[PDB]
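Q: Residue numbers (PDB author numbering), protein chains in the order written: chain F, 11 to 51, 79 to 229, 237 to 330; chain E, 57 to 62, 75 to 112; chain I, 3 to 63, 66 to 177; chain H, 1 to 82, 95 to 255; chain G, 247 to 341.
The beta-carbon is built from N, C-alpha and C at its ideal position, and this holds for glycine as well.
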RNA sequence: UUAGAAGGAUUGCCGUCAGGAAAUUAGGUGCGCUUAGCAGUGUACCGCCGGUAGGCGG
């Protein structure tokens, strides 16, 4: 009857992320130019007088959702979960959730703060030694996701394939070119004065913040018409910028997966998107 | 984060360098006989 | 009054988008028009330390139609929401600036160039005492016009309910 | 006739009469409920008109006047007379819970109890200090102490010929049981014998009766009446109980 | 006036609490209550009529480290300076 | 209110004497681990009117 969730339950990530590096280059000559961005002692990083282009490089491992189980103490819960995933990967191709994640990689939300004064900002994404056409980032706004561009349809479909389980893996390598201006300041992540984070000597952003940026796709939260802005997808909808939970005890994943596997019910596809969006993270236990 | 609801901590996360793309795992095993593997038995 | 909305949950905090996105462009618009306008923080919240808010409101007594805010703020759309309606209302608090004295060094020069010869501790009492109370109020950075310095202004309620303006859009003596 | 619970928190009795004949230490509970009738007697001397019906005792801290020897047996200490009759004394940081019913229970009658209790003594002991006098609404509104319940069922269902033998057997089974003094049994018929405290009251020679009681924790106790003491007067068997 | 304006005498302000706070930890159940009459009387110490803007009180000897809610114990710290001394008493006594 | 009262207290050399010790096998087995936004804008400057009172311009 599947009366309760198991004592130990965990899902692995399916959007694994590099610690993003930084580089300083020039927009005019960018494909043949790269310079390290040292942190340059309250630590504070800034560009050189000549170089004017931040060159953030990050990689994304996409893994299937079925083979991301890591601990389950009831086989009945396991088969039901796999069946629920199958239910979805058949109805939808996981393209909607893919399109959302890839849109976040297409509109420069990974650049949390380092995108204010960017005149021209270019995002290049490569998979499997196949360089894709340029993603201009200022054209795509950061509230409404887009669904009718061919190349972003291409990469999104590939991500959907591995997500569904058709592919066992999919590595993504993105280089983003920010013309922040000559001798301007770049803002890397902080780690516990103002202690700046160093990756391989050069500065860079924590992988967590970057993954938080690629996770902001929640547009199906209950109180949306009111806020009308995408929030990052956690279990309780806790956007730290506002300060209040955005799903108390109604559409929470805890309650939602207690109404999907615990009690057989055909959920709306808006809420089924969220249950699988959560599945990308982990820690859903008792 | 939040879990089972009704200050940052340090964590270690090793990663491959930017140039490298391969993990090498080095180990060994000593295979030893089963017969001369009794360390304590109290009855001949 | 015209309400300019900080779009929330977009990344950065509201105060940096207040400091480098709306205030700088407003400063130019306010000074070039000879009729002065005003800046109001409807969501101003002095809990322990200031927190400007999530809204700014531009206020006056046709001159707001001559401000042309549709086209002067078209570069930060993915960040600032421009409400097209210009309604008038009375639920406003206007805002004054609180001086933060000056760095001991700055005052020392001033008070040595034309002042007394011997001057020690009492500046280290007076400046520090007034500043702490002043520095806890809400702060906006503004890039300079002709001095090249980073001025951290400090904003506070006035309740004057009607008055004149400065080039920054605040109350003045 | 509203009923309310008034908590007198951390009352520090100094030199209460610990000696009660066969029982030395915990004083007779008749002292601790005659404190309630004295605190009601002087309140109806004023215009408060409160009738206290029950009082619960929470023994938070204790000290017996005396010294521990090498072996472990205490030796009690007494004041020097101005021939020393058998006597012993105890200090008690204990908190009262008063079931109070009457015209009205309010914070002004807590202030009246605050004024009135500073001229009172509990078991012949002066009051040094008090923490707070507050009306409580639930068991949570009571600080961490240990109430004195009457575990008469342990004494009744105890193996022995006589009830003393039963009490000796009872203290040899559970250790938290303490033998406590409760009431007075009549030894003669009532009448106007000469030499009384107040000539108009009928007078009866008595003998203290004793029982076995237990200590129950604050957040382990169930209900509030279960820890409230009351006066009951059968013919010739005056005593305070828990019912 | 009652306010820790000078930051030079600050290190004594941590050291006196740490000296009477070391091995003086006391669970909340046995700690003094934060009665509002104490900050009321400390406002009536010198004028004020309310807590002054941007200054706010601090038990020189941490409440947890056996402190009293008396007049001769409390002080006004700056907010950034209160952050410094509360990081000090967080680290030193290991709350 | 086992109600109602109480000055225990003046005084002292605890010291001399010493063989604890002789023998051992700790130990044999193991999934830690799934996920995680650091900041109030870093927080400010430089001059002006004046007896170390108050303000002001950018």
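Please report the distance separating the alpha-carbon of residue 69 (chain I) from that of residue 9 (chain I).
A: The straight-line gap from Cα to Cα measures roughly 23 Å.
Q: Just the chain F side, please: which residues come within less than 9 Å of residue 83 (chain E) by C-beta, in chain order?
A: Residues of chain F passing the Cβ test: 28, 29, 243 and 251.
Q: So, under 8 Å CB-CB, residue 220 (chain F) and residue 131 (chain F) are touching, yes? Tell me the CB distance rounded to an integer number of Å.
A: Contact doesn't hold; Cβ gap of about 44 Å is too wide.
Q: Nearest CA to the CA of residue 100 (chain I): which residue from I:157, I:37, I:58 and I:36?
A: Comparing Cα-Cα distances from residue 100 (chain I) to each of I:157, I:37, I:58 and I:36, the minimum goes to I:157.
Q: Is it true that the stretch 82 to 94 of chain I meets the stretch 33 to 47 of chain I, where meeting means three or more beta-carbon pairs spaced less than 8 Å apart?
A: Output reads no: the stretch 33 to 47 of chain I does not touch the stretch 82 to 94 of chain I.
Q: Just mark residue 171 (chain F) as buried or exposed, buried being the case when its beta carbon has 16 or more other beta carbons within 10 Å.
A: Flag for residue 171 (chain F) reads exposed.
Q: Cα separation between residue 141 (chain F) and residue 260 (chain F)?
A: Straight-line Cα distance between these residues: approximately 7 Å.
Q: With contact counted as at least three CB pairs below 8 Å, one residue from each stretch, are the stretch 245 to 261 of chain F and the stretch 110 to 120 of chain F in contact?
A: Contact between the stretch 245 to 261 of chain F and the stretch 110 to 120 of chain F is absent, because fewer than three Cβ pairs lie under 8 Å.
Q: Sort G:290, G:331 and G:288 by Cα distance to residue 306 (chain G) and report the nearest one.
A: Residue G:331 is the option with its Cα nearest to residue 306 (chain G).
Q: Taking residue 157 (chain F) as the query, report the chain I residues whose CB atoms sit under 8 Å from its CB, ordered along the chain.
A: None at all; the shortest Cβ gap to chain I is about 13 Å.
Q: Distance, Cα to Cα, residue 146 (chain I) vs residue 123 (chain H)?
A: The alpha-carbon atoms of residue 146 (chain I) and residue 123 (chain H) are separated by roughly 59 Å.
Q: Would residue 95 (chain E) be called buried (16 or more neighbouring beta carbons within 10 Å of its own) or exposed?
A: Residue 95 (chain E) should be labelled exposed.
Q: Can you say whether residue 88 (chain F) is buried or exposed, counting buried as having 16 or more other CB atoms within 10 angstroms of its CB?
A: Result: buried.
Q: The alpha helix (DSSP H) that contains residue 155 (chain H), what's its start and end?
A: Note, residue 155 (chain H): premise wrong, no alpha helix (DSSP H); not H, not E.
Q: Buried or exposed for residue 26 (chain I), going by 16 or more other Cβ atoms inside 10 Å?
A: By the neighbour-count rule (16 or more Cβ atoms within 10 Å), residue 26 (chain I) is not buried but exposed.
Q: Helix, strand or coil for residue 54 (chain H), going by three-state DSSP, please let me know.
A: The answer is strand: DSSP assigns residue 54 (chain H) an E or B state.
Q: Is there a Cβ of chain I sitting closer than 7 Å to that of residue 182 (chain F), yes or no?
A: Not an interface residue.
Q: Would you mind telling me which residues of chain G sit closer than 8 Å to residue 115 (chain I), beta carbon to beta carbon, in chain order?
A: Result: empty, since nearest Cβ-Cβ is about 19 Å, beyond 8 Å.
Q: Out of H:2, H:14 and H:7, which one is the CA nearest neighbour of residue 146 (chain H)?
A: For residue 146 (chain H), the nearest C-alpha among the options comes from H:7.
Q: What distance in whole Å lies between the Cβ atoms of residue 63 (chain H) and residue 52 (chain H), which are believed to be in contact at a cut-off of 8 Å?
A: Actually they do not touch by this definition, with Cβ atoms about 28 Å apart.
Q: Assign residue 229 (chain F) to one of two classes, buried (16 or more other C-beta atoms within 10 Å of its C-beta) or exposed (fewer than that).
A: That one is exposed.
Q: Could you check what DSSP says for residue 126 (chain I) in three-state terms: helix, strand or coil?
A: Three-state DSSP puts residue 126 (chain I) in a helix.
Q: What's the gap between the Cα of residue 17 (chain F) and the Cα of residue 107 (chain F)?
A: Residue 17 (chain F) and residue 107 (chain F): Cα-Cα distance of roughly 13 Å.
Q: Could you give the C-beta distance for residue 7 (chain I) and residue 54 (chain I), rounded to a whole number, given that I count them as a contact under 8 Å?
A: With a Cβ gap of about 13 Å, residue 7 (chain I) and residue 54 (chain I) do not count as contacting.
Q: Cβ closer than 9 Å: which chain G residues qualify as neighbours of residue 107 (chain I)?
A: Chain G residues near residue 107 (chain I): none, gap ~15 Å exceeds 9 Å.
Q: Below 8 Å on C-beta distance, what does residue 279 (chain F) contact in chain E?
A: Those within 8 Å of residue 279 (chain F) in chain E are 58 and 59.
Q: Tell me which residue opens and which closes the alpha helix (DSSP H) that residue 227 (chain H) is part of.
A: Premise fails: residue 227 (chain H) lies in the beta strand (DSSP E), 218 to 229, not in any alpha helix (DSSP H).
Q: Please list the segments of the beta strand (DSSP E) lying wholly inside the stretch 83 to 163 of chain F, counting only runs of 3 or more residues, in order along the chain.
A: With a minimum length of 3 residues, the continuous beta strand (DSSP E) runs that stay inside the stretch 83 to 163 of chain F are 90 to 99, 106 to 109 and 158 to 163.
Q: Which residues, taken in chain order from the stretch 161 to 178 of chain F, show a beta carbon closer than 7 Å to some beta carbon of chain I?
A: Answer in chain order: 178.
Q: Would you give the residue range spanned by the beta strand (DSSP E) that residue 107 (chain H) belongs to?
A: That run of the beta strand (DSSP E) goes 101 to 114.
Q: Considering only residues of the same chain and omitting the five flanking positions on each side of residue 292 (chain F), which have a CB-CB separation below 8 Å?
A: Within the same chain, residue 292 (chain F) has close Cβ partners 280.
Q: Kindly identify the DSSP beta-bridge partner or partners of residue 289 (chain F).
A: Residue 289 (chain F) is bridged to F:282.
Q: Does the CB of residue 285 (chain G) have a neighbour CB from chain I at under 7 Å?
A: No, because no Cβ of chain I sits closer than 7 Å to the Cβ of residue 285 (chain G).
Q: Go ahead and pull the three-state DSSP assignment for residue 96 (chain I).
A: Looking at residue 96 (chain I) - three-state DSSP - the assignment turns out to be coil, as it is neither helix nor strand.
Q: Which of helix, strand or coil does DSSP assign to residue 20 (chain H)?
A: Reduced to three states, the DSSP call for residue 20 (chain H) is strand.
Q: Mind checking who residue 324 (chain G) pairs with in its DSSP beta bridge?
A: In DSSP, residue 324 (chain G) forms a bridge with G:301.
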